[PDB]
Each structure stands twice: as structure tokens, then as C-alpha cells.
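The values are calculated or read from the model by the stated rules, or taken from the named source; no laboratory read-out is quoted. Here Cβ is always computed from backbone atoms with ideal geometry, including for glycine, and neighbour counts include all displayed protein chains.
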Amino acid sequence: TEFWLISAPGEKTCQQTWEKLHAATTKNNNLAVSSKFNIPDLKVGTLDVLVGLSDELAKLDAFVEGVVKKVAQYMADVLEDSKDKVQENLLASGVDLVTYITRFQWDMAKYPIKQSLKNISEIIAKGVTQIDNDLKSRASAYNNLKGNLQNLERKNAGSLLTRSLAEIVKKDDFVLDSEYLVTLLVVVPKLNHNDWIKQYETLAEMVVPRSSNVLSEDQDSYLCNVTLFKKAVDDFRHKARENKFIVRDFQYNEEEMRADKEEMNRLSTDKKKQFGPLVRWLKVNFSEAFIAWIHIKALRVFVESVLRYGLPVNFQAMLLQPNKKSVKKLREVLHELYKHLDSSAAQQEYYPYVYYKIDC
Amino acid sequence: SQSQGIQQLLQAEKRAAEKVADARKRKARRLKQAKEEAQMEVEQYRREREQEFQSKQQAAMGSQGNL
Amino acid sequence: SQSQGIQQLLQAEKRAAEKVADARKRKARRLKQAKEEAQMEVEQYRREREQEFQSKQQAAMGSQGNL
Amino acid sequence: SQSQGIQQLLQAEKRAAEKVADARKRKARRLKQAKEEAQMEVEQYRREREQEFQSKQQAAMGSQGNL
Amino acid sequence: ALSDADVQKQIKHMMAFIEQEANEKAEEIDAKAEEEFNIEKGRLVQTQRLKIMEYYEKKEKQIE
Amino acid sequence: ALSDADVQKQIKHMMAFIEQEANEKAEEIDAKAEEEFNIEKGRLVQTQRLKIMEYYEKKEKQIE
Amino acid sequence: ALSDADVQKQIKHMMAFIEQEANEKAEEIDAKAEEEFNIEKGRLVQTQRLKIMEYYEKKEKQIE
Amino acid sequence: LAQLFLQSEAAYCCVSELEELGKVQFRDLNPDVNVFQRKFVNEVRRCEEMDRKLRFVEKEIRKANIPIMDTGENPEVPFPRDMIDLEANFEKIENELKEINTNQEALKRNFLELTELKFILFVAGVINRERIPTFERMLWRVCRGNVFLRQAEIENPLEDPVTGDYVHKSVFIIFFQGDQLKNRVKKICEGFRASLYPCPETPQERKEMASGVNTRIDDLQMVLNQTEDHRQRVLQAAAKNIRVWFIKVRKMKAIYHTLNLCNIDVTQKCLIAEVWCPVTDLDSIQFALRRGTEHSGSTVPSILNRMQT
């Protein structure tokens, strides 16, 4: 979604229509969509200040463009009102970007027209700077939450060989409050499930026969609990390993499992609670970033137009919505229409008129 | 039969607990008796020394008397 | 026609100098006016306080005899 | 004949070295003699000046006598 | 890159910038002059009014 | 691989272990009780015998 | 260009050169020995002669 | 093979005479001894330094097309010890020459630098109009030609100092009143092939300064011309002495190197060496030795006696 922003010297009033309405001469013979660009009438002093401003604005432009695209990607990562294949951008001014740009207005609320450009630029720069820091910090904190939540999901992921037992083991799975006995959980591949049941009773001296049962099963193995004499556990786990059974390092612990369950429940709720305010925060920041973005471009237009054509500052600036495969024709038309003013001052960027691209 | 196994083992644990608690109770009682007997011997010693003192005290007073 | 443009630049510099020098003249004049008016006010303040002083001094003479 | 020339030059060099080292030995000996003789001459000077002192003292004694 | 007409155009443009700069500078000069007017007037008049008041107080002390 | 008779044998074996430890513990505790009986008796009886002898000696000073 | 008689003659002349150098060098060494002799002798003589003169003078002054 | 013994003072002279005769070949009596051990190293080192320095100056002489005929004096190859000071004198002359040329080049730069200013009186500088067609456009690129440029063309342009040769010079330079843009132009002028460092004034005083510049230029050129004239006179005069010197130095070096290829006795200042020589020419050798040692003040017999071999 690319739009072209241009400005003509405006010597004659026909320029208002030549850039829009003159089907005989206008864009793709009046096939490209164009609209009026609303610009404030601001004060200029000497040409060197304008030169400074041009440099400053080019830098501010690049900065904000980066910031607004970054935050757009942040929301893409959030997956709310903007995706990479659909919903390519967010609303600006409460309208879609296509609508915003097409009916783009100067935000005099933020940039009073009675101020000098230096101050206007400084004000915008400060706004977008604050927005950048606010959302960078917020996004980082959110990403850290997402990180920890995924970390817990992974911790509670996997098969019985590695999966956390918080959701598997019950108090009724362990032999508790025994003086001599401990209950161990061992994973026996399902192919050898009966062998475990047959073999566990004879793996070590002084084990409790017929005590073996199954706590859980998965596609590869069964997790079984066995109660045994504490001192035989070394022989039990040793010989179990010899018969290719894997014992888990687990003992019943109500507090750790409860803590894990609530921590996951809390982090998921926290994710939802931040999401709520996340999308409102980021969408507002986007809106403002996009508004400022175009404001910056408008100022770049003002500065270049005045710098090249002099004052009074009456120029005919217009927006185009290029049509597919007509870029060449539009450039040829614009060149023939305006080449006589510069002949050589303005490939990669230099045209005989004020020209910027909008990358959407 | 997992519950019968543990039933037997916990009953054995119960018996062990009773056995050691009773042994500790015996210890406590024996130690009290030990203190009582020690104190009895202390009193026997006290009586013996008190008797020698009083015997000597009366002899000493009579000796002091004649001088 | 280069000399005509250069002369025009020199004329612009001349006009700029006129604009600024006259602004400096106006600044100086307004500041002088400010000082003249301030001094006038100062004189009025002096006159009035002096009158108040003399009045009080005269009243004080009346008090002294009365006392 | 060069091997004989060599032998002759080596003999001459041997003698030269001996003659110079001997001169250095003599120098050391003469230096010691110089110190011994100097001290003897110093004593001679001491004797003579002591005799002059005695002469002055006798003249002084006669002069004091006359005063 | 310029014809005589365009050289003249470029010069006219420079002259325009010269005029705009001078106009702005003069406006700035007059505005600051007015601020300084009020500031200095205050400094002076307050300073001497103070001196007067102090002397006045001295006359009251003499009357005491 | 073990029959009801064998699982019962294993249960009896574990109980036999528990009983053996219970008996060894109770015997060891009773033996220690006997040792502490004699130890405390000695400590107490000597402590107070000493005190008695000291008061006796004080009686000699009183006789003086 | 020289016969054995002439070669031997030149060898004799070269030996005469060596003997001459031996003599000259020794004479130089003995001369320096005599210079050092007289220099050190003077140093010593004046040093102690002055010390004797000083003792003589001190005694004479003491008499007056 | 025959062996010769003679005094070292006589040996220097004798070797020199035999080298001039050229009929005798000396053998090295100390094959296991390096040049530092031979103790001719100081003499050889000095010869080597003299040689290189002479060759250095020779290069300048040759560039100057000095005849250096080398037709006399040199054949006599005298080898007194005072030649070492003469060697030093050579070093002084060439060193003076080195300083003069260095001074001249600096003077040349100043000449050209002042000449450029002379021509100028932004600025009407010295440019080959290599990038001016693009200089102007670069200016239009920075700002829309806010100020006119000054144009000039130099007839029979001066030799550009960086170029080292004379190229037509044409100047088109813009002046700006804005500081941001003036700084921008400065950067462009620095990047582009243009001459920019003029210190302009519009006052009569600057025209008077330009006259002072012309005066200074004339004085610089006068001094330059005198420096070059002296240089050339000195170079040719030296070329005469240098043809003689070259061979003199080479001979001395050869002599000392030959004496290194010998065995120096330890106990006496006399040198023994074995030499090969023609039998029939032995008398000629002895007569040469007689003349050599006669020149030496010690007149050592210097007898060369045949050995069996």
C-alpha cells in the first residue's frame, strides 16, 4: 500500500486541478486517485533555518517511521486488529489508514499554527519520543510475561518420561507416613508394561509384592507407583534401570504442585488482563504515531517547497494513490509537466517537484 | 492388594512406635528413681556428718568448760 | 546580467541594514521614553512621601505641645 | 723462509714484552723508593726546623733576660 | 543550469529571503525592546522608591 | 511372577524387619536408660555430698 | 728480486726495528717512572714539610 | 705462493701501490674472520656511506646533465687519512643540496598558491571544469541556487600544484549568506575538485593586499631563481670532483678490503700476508714495494720472501 505525495510550485490556480481533475493532463489521465493535502500556514525565517529543519525533519521522519512500524509489528505479534497477511495496519484517527491518508488533516490540536516550525518539530519529536518509550517499555514487560507463560507451558509439557507430574500424581498414589516404606514412581515403556508389573515385585530385596499400580499412561510408557523399603530404593532403582525402566525423581509434594497450578492460572489471567489494556494502549499509540508520521511528511513538504520555490509559500500539494503498473507513466507525465522549473536539480529521489512516498 | 501390604506395614510401624515410646517412659521413670536414690544417699551422708559435728560440739563445750 | 543580480543583492543588504538600524533607533527611543516616564513617577513618589512626612511632622508638633 | 721469519718476529716480540713489563715493574719499585726517600728528606727538614726553633728559643731567652 | 531569466529569478528569491529575514529580525528587536522597557522601568523606579522609603523611615526615627 | 503365598512371605519378611528394629530400639533405649540412671545418680549424689561436706567444714570453723 | 743474503739482511733490519722499538718504549717508560717519582716525591715533601713548619710556628707562638 | 712481512704503516702505502700496479693477488690468511674481526670495518663502513651518498648526489648530477668527464687526477688515487674529512665535506655538500631542493619545493607551492590568489584577484578559483558541470547541480541539490555563482576563465592557466603540469582553469563558485548552507558548500568544495581558500574583502585594502601578494610573489620567485642557480652551479662543480672521487673512494675501499683478507699480527704493528704473484714480475713487485714504503715514513724493509708450496 504505497501513496505518492507531491507538490508543485503553484504559480497558477490550474495547479489545483491539474494534479487531480485535469483528465487531459492529470494522473493516468485522471485514473489515479488524488486528494487535497491540508497544510498549516507556518512562519519561516531565513533559509538556513529551513535547511536545518529539513535535515532535522528527515531524521525525525526516519525515526518515527521506524517507531510506528515497530509498534505495528508489536501489535501483529499481539495478533489484535492487525495481522501480517490481513489487517496490514491499524486505524488512525479512528479510521483505516486508507481513509486516514485519503482524508488526512493537520492536527492543529498538537501543533498550534501560531508557533514557529522549530517549535512544532520539537513538539512532535517529543510526542513521538514519549510514545516510543512508553510502548517500548510496555511491550518489553508484556513479552517477559509471554515468555514466562510459555516457559511454564513447556515445563508442564511432554510425555510421562519428562512431563511435570503436578497434574498426574495424587496423594493416593504414594504410600505416606510410613516408617520403612517410600513410594517411587517409575516409567515402564508400554511394550514392557506387563514385564514391569511382573518384574517390579522381584527387582530388589524387601519390596512389597502386588503393591504396583498405574498412575498414568501415555503413548510410549506407563507411570507406575511402587511402595518399598527405604533402604532397598537404591537396589530398586538400580535394577529397574538394569531392566530398562526409568524412575522419576519425584516425591509427593502438595505445596509445589499447588504453587505451579496457581502460578500458571495467575499468569494466564495476567496475560488476559494485560491484553485488554495492551490493545487499547498500542492502538492509541499507533493512531498517534501515524498521525504524527504524516504530520512530519507534511512538514517535509512545507520545508522543501519553500526552500526550492521561495516565498510567498503558495504551493499546490496533492496526494496520489498510484494504480498498478502506472508508475512509469506517472513519472513521465510529471516530468514533462514540471521539468522546466529545475532541468537538473531533480532516479532514486530527485524529481522536478516535491515528492515523498508513503509506505503502508 | 496394595492396601493390605501397607496395612501390615503401618501396623508394624504402630507397634514400633509403641515399643520405643514405652522404652522412653521407662527411661524417664528410671531417671527419676535414680535421682531419688541419689538424694537418699545424700541424706545418709548428711545425717552422718551432722551426727559427728554435734558429737564433737558437745565434747568441745565440755572441754572448754573444764579449762 | 550578472552585475544586475549582484547589485540587487547589495541593495538587499542595504535595505536589511536600514531595517535593523531603524529598529535599533526605535529600541533606544522607547527605552529613553521609559526612563523619562519612570523618573517622572519617581519625582511624584518623592513629592507625595515628602508631603506626608511634613504633614506628620506638623502633627507631631501639635502632639508635643498637647502632651 | 717465512716460518723462520715468524719465529724471529715472535722472539723479538717476546723480548719486547719482557722489556716493557720489566720497565713497569721498575716504575713501581722507583715509586716506592721515591716515597721512602721523600720521607727521609722530610725528616731531615724536621730536624733542621727543630734546630732553628731551638736557636730562636735560646735567643728569646737571652732577650727576655736583658729586658 | 540557468538562463539569464532564471539567474534573475534566483536572485529575486534570495532578495526575498533577505527581506523576510530583516523583517523578522526587526519585529523581534521591537518586541524585546518593549519587554526591556517594562523590566528596566521597574528596576529603576523600584530601586529609588525603596531608597526614598528608607530615608523616610529615617525621618520617622528622627521624630521618635 | 509371585503367588499369593510368596507375596504373603514378602509381607511377613517386611513385618519381621519392622519388629526386629522395634526390638533393637527398645533394648537400646532401656540400656541407655540404665546408663543414664547411674550417671544422674552419681552426678546428684556427689554434688550434694560435696555440698554436705562443705557445710560440715563450715561447722569446724563455727566450732573454732 | 732479493737473494738469500738480502732476505736475511732485511730480516736483520726488521729485527733492528724491533730492538729499536723495545729500547724507545723502555726509555719512555723509565722517563715516565722518573716523572712519577719526582711528582709524588714533591707532593709528599711539601705535605709533610708544611706540617712540620706548622708545628714549629705553633710552638713559637705559644712561647710568646 | 710467497709471503710478505712489513710494518703496518708501510703496509697501507704498499697495498695502495700494488693495487695500482695490478699484478699481484693477495690471499686471505684469516678465512674464519668476519669483517668486524678483520678491523677494516670502520674504514669500509665509512667508504660505503661515502659511496651511497656520492651516488645519491650523482643521481641529481646526472639529471642535471653534467659532463662528469672523469679524465684525470683520479688515476693517482692518493689515500691519506685526511681523505676522511674530505669524505665528510662531500656529505655536507650533498646535504646542503638536499635542503635547497626541499626549500625550493615549498617555495614552488607558495609560488603557485600565491599565483592562484593573484588570479582570483564564492571565489574565482582554479578548477579544470572537471566537476563544475556537476558542482552547480550539487548546489542546486543542496538549495535551489539561492545565490548566483561567480564565473571566470583563465587564459594560459597556471600549472596546478597537485597536477604538477599546466591545465586550463575555469572557476564557477557560489557564495551563500546562510550558515548551514555555507557549511554545506564548504563540504562540497572540499569533496569536489575545486580551489577554495580565498580570503576576500571588498575594500580597496584588499586590492592593495593583492598588490602586496604580487610583490611577495616576485620576491619569492627571485629567491627561488637564485637558489636554483646556486644549486646548478654547485652540482656541476661537484660533478667534476665527483668523477675523481668515485674512483678514489672505490680504490680506498678495495685497499681496506684487501687488507682485511690478511692476518694481522698481535704483538707488533706489522702485517704478514701470503700473496700469489708472477715469478717473472717479482722484481717489479719489489720495486713497487720499495716505492710504496719509501712514501711511508717508516721505510720498513718490506721484504717479500718466496715460500715452498
Taking the range A:185-205 and keeping only residues that are surrounded by fewer than 20 Cβ atoms within 10 Å (Cβ to Cβ) and either away from chain F (no Cβ under 12 Å) or in contact with an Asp or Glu (Cβ under 6 Å, 6 or more places away or on another chain) (or both), one is left with A:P189, A:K190, A:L191, A:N192, A:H193
Every listed condition ((1) of a type in the set (S, T, N, Q); (2) surrounded by 15 or more Cβ atoms within 10 Å (Cβ to Cβ); (3) part of a loop (DSSP other than H, G, I, E, B)) holds for A:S54 save (3)
Just one listed residue, out of G:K41, G:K59, G:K51, is in contact with a helix residue (DSSP H, G or I) (Cβ under 8 Å, 6 or more places away or on another chain), among the charged types (D, E, K, R), loosely packed, with under 14 Cβ neighbours inside 10 Å and farther than 30 Å from H:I285 by Cα, and it is G:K59
Looking at A:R163, is it surrounded by 15 or more Cβ atoms within 10 Å (Cβ to Cβ) and touching a helix residue (DSSP H, G or I) at 6+ places or on another chain (Cβ under 7 Å)? no
Filter the range A:313-360 for residues that are closer than 27 Å to E:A5 by Cβ and of a type in the set (S, T, Y); the one that is farthest from the chain's Cα centre (by Cα) is A:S343
Expected output for the range D:20-43 (first residue within 7 Å of chain G (Cβ to nearest Cβ), partner of a type in the set (V, I, T), Cβ below 7 Å, 6+ apart or cross-chain) is D:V20/G:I29; D:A23/G:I29; D:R24/G:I29; D:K27/G:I29; D:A38/G:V45; D:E41/G:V45; D:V42/G:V45
Taking first residues from the range E:42-64 that are over 26 Å from C:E37 (Cα atoms) and second residues anywhere that are in a helix (DSSP H, G or I) and of a type in the set (A, V, I, L, M, F, W, C), the pairs with Cβ under 7 Å that are 6 or more apart or on different chains are E:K59/C:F53; E:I63/C:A60
| If we scan the range H:46-63, do we find a residue that is in the same structural domain as H:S296 (by TED's automatic domain parsing), crowded, with 16+ Cβ neighbours inside 10 Å and outside any helix (DSSP H, G or I)? | no
Residue set A:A157, A:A139; condition outside any loop (DSSP other than H, G, I, E, B) and among the small types (G, A, S); output residue A:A139
In the set A:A125, A:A76, the lone residue that is in contact with a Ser or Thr (Cβ under 8 Å, 6 or more places away or on another chain), of a type in the set (A, V, I, L, M, F, W, C) and part of a helix (DSSP H, G or I) is A:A76
_When you check A:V301 against the structure, is it within 37 Å of the chain's Cα centre (by Cα) and either aliphatic (A, V, I, L, M) or within 30 Å of B:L9 (Cβ to Cβ) (or both), yes or no?_
yes
Selection from the range H:129-149 of residues touching a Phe, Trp or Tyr at 6+ places or on another chain (Cβ under 8 Å) and within 8 Å of another protein chain (Cβ to nearest Cβ) yields H:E136, H:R141, H:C143, H:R144, H:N146, H:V147
Going by the conditions given, is F:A1 within 30 Å of B:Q8 (Cα to Cα) and outside any helix (DSSP H, G or I)? yes
Only one of (1) more than 18 Å from C:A38 (Cβ to Cβ); (2) facing chain C (nearest Cβ under 9 Å) does not apply to E:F37, and that is (1)
| field | Filter pass, F:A5 being over 16 Å from B:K27 (Cβ atoms) and more than 9 Å from chain B (Cβ to nearest Cβ) | value | yes
Residue hits (the range F:21-34; over 30 Å from B:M40 (Cα atoms) and at the interface with chain B (Cβ under 8 Å from one of its Cβ atoms)) are F:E21, F:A22, F:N23, F:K25
Picking from F:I63, F:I18, the residue that is facing chain B (nearest Cβ under 8 Å) and more than 26 Å from the chain's Cα centre (by Cα) would be F:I63
Those residues of the range H:125-162 that are charged (D, E, K, R), in a helix (DSSP H, G or I) and farther than 16 Å from E:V7 by Cβ come to a total of 1
Practice problem: Looking only at the range C:18-30, decide whether some residue is closer than 30 Å to H:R150 by Cβ and either surrounded by 14 or more Cβ atoms within 10 Å (Cβ to Cβ) or touching a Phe, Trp or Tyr at 6+ places or on another chain (Cβ under 6 Å) (or both). | Solution: yes
- prompt: Looking at B:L9, is it closer than 20 Å to F:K9 by Cα and either out of contact with any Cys (no Cβ under 6 Å at 6 or more places or on another chain) or more than 7 Å from chain F (Cβ to nearest Cβ) (or both)?
  reply: yes
Taking the range E:26-38 and keeping residues of a type outside the set (D, E, K, R) and surrounded by 12 or more Cβ atoms within 10 Å (Cβ to Cβ) leaves E:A26, E:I29, E:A33, E:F37
If we keep only residues of the range H:168-185 that are crowded, with 16+ Cβ neighbours inside 10 Å and more than 15 Å from H:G145 (Cα to Cα), then the residue farthest from the other protein chains (Cβ to nearest Cβ) is H:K169
**Request:** Report yes if D:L9 is touching a helix residue (DSSP H, G or I) at 6+ places or on another chain (Cβ under 9 Å), among the hydrophobic types (A, V, I, L, M, F, W, C) and within 30 Å of H:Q308 (Cα to Cα), otherwise no.
**Result:** yes
If we keep only residues of the range H:113-124 that are in a loop (DSSP other than H, G, I, E, B) and buried (at least 20 other Cβ atoms within 10 Å of the Cβ), then the residue farthest from the chain's Cα centre (by Cα) is H:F122
